[PDB]
């Protein structure tokens, strides 16, 4: 019969002044609503992003049209079909206020929102044919991708004279176009390649996918530009952009307008032909009108000592903003090529929008969210004194030094595994020839496009710049997310214990510090923005940017989980932003999306791809799940989670244990492959569980691999304590390791196995299978949680030997916590808190503060916390979160 319930969704921070339609997620309790038999209303457009094991809705997405009316909150009421099929009430059926239509043929696809009409060719070298406003007025055309590169690089500036450079230009070439059409929003996904326009023959390269989100009643289009780096040693990217033509034919030069966003809400306001600050005044109204971007009165009405001499007032065709560092931008204009540029008063951080158009012809604004943070970038207006202007956003500026992704070192004469692991001992880098390659990394950039029937106010531009740099987000309530249990059971809301309250303040301290380090230490850049470093250098007073494994962190010890669970518990905007940016880096730049190592990611190093440990614990899709669902099934992360389903194939091309393994095994063709049951498997399982939850094109496969491998672990005599296994890539089964073919019993322990998502995947896995869980899997998992830090005797009693090199006791305290909850054992719960307060990691009497450093010790002033590293704070914070969720009933108890 009838089942209905409601969920409220809030703006992430302050109520916005403007939105351009938004998408959000909502979770639903297990078994409550069936897919396709469930209606949603707002106080609404809807689809499923995930499902529970019995096929009931786990997560949905929802979309709202652009609207002047903006609420403090929004309530979605779900209703089963039963609610309408049981009432005999007549009820009205009307068309929505606004609604998208799409016309679709051989040549091209067109999307009309009511406020713009945009065309997408199905082939060719032009992504957007044109953009019309309501009236039918074309305001921009031939949107296209640009790429520029060079064949080599001089050793230094002096070497230019003796080291010639061959420049090439490329075009975005379309191969496929897709549509996910709905009434309230429509998504055009465009896939392609870059092909040569100018320079020597060059194979097509730099695969792209560009996603356009259009919303009903919106002239604002959001653009997810994703590219994959398939260059070689010889391909140096020089320039990477998005370019539109803006037709100005018909606008008097003095009615053509140029705007750049400046610093903090600022706007640069100029005309192609400037009527202000001349020796003679055409009239106050006329000057005011030009600064306002309005069409000027008829030339007969001006003071005539100006209209007669327009011939003598220069015309400014080209404009260039370049932000080549995180801290300063240049701005210049010129009459036309063959003349010098004139410099313009500039400043620190440009907020990343430019507009070209006119009072009568209309025009177009383009921008990059997070502009200066993703340097080096730029904005160019070109040929604004012609019939056709060009507006270009540069995702990578040619005014920068070229992008060099080659190895930072030659290998220092390391010749083989023995030399490599010896170098591991001093810099923490695990180098190997040919492993230090950026081949297959990706980066996604969030772009916005704004159409205008006419040059808009500067207040409007500033307001859209702010929109672009802080996209409004609607999220469900933490309490609700928790209650549904649709994003794990291992966290909970913030208890009256004064101890618990000092834990909360400590997580807040950790977050605040990590947030400030991003600014202080300038972790900004085209590729770097979003990641942070690993360990600190207390003497130099810097993070170890230049020492092997101590530099970029690359999700080591699961900081992605701490920061995401920290958002879930709290609803903090800063917390969401920190995490979002993290996830946009980690999941794109730190992982390979093509080639033999597709679906692995790279271990922490000096470059994001320098190290030879290529492992699924970096690609670990559990790190993206929380964002996948909260964003409303963000499609690019969507795509990324699918790529990872090919991770299991890697183990035939690469053994992560190749240099340390003692059992003589190597991959060989058509053979069982070796992978770890902790680190690697937790990566695999997470990707399969997610495909299962999504009921995507490989879900039956995913279900089978997960179930079979789970069952395989259950069947190992020592379960998780075994360490690894041999997987069959054809039968999708998991048998014992090469040293234990009879399954007599094997023991191989690693401090790393639990701390890259294992407890999280396993518990979710367990809840998902329910009564179909293979016999003895929960017990094997409990065995590991309990014996990890039981006594040496107890370990020896169960498995034949004590556990040698167990560390990360704080980190693993959460496993005892989990088992304590599940066995209802108070003594075990007390163990969990003891390992938290009185083993390793961050001890409760650690300094727990920042020291300020300045003067001649350091380049710029900095706050430091030398007493911690990222490994510590990630696991400390997970421990806090998970110990509170499982064993807070036992916390006060511990404290007495």
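Residue numbers count along the first chain shown, from 1.
Subject >> Unmodelled deposited residues between residue 43 and residue 44, binned >> reply: Unresolved stretch here: 4 to 9 residues.
Original post:
Counting only residues from the deposited sequence, how many are left out of the model between residue 494 and residue 495 (none, 1 to 3, 4 to 9, 10 or more)?
Top reply: Gap size class: 1 to 3 residues without coordinates, per the record.
Subject >> Mean Cα B-factor comparison, 420 to 428 or 77 to 85, giving the higher one as deposited >> reply: The recorded data point to 77 to 85.
Subject >> Given 821 to 829 and 634 to 642, the range whose Cα B-factors average higher in the PDB entry >> reply: That would be 821 to 829.
**OP:** Name the one of 262, 376, 530, 741 with the greatest CA B-factor according to the PDB entry.
**Re:** Spelled out: the listed residue with the top C-alpha B-factor is 741.
Subject >> Peak C-alpha temperature factor (PDB record), options 775, 814, 521, 585 >> reply: In this record, 775 carries the highest C-alpha B-factor of the candidates.
Subject >> residue 870 by Cα B-factor - lowest, middle or highest third of the modelled chain >> reply: It falls in the bottom third of the chain.
Subject >> Third of the chain's Cα B-factor distribution that residue 34 belongs to, per the entry >> reply: As the PDB entry reports it, the C-alpha B-factor of residue 34 lands in the highest third of its chain.
**OP:** Select lowest, middle or highest to describe the third in which the CA B-factor of residue 206 falls within its chain in this entry.
**Re:** Within its chain, residue 206 is a middle-third residue by C-alpha B-factor, going by the deposited values.
**OP:** Give the position of residue 659 by CA B-factor within its chain, expressed as the lowest, middle or highest third.
**Re:** Ranked within chain, residue 659 CA B lands in the middle tercile.
Subject >> Ranked C-alpha temperature factor of residue 675 among modelled chain residues, by third >> reply: Middle third by C-alpha B-factor.
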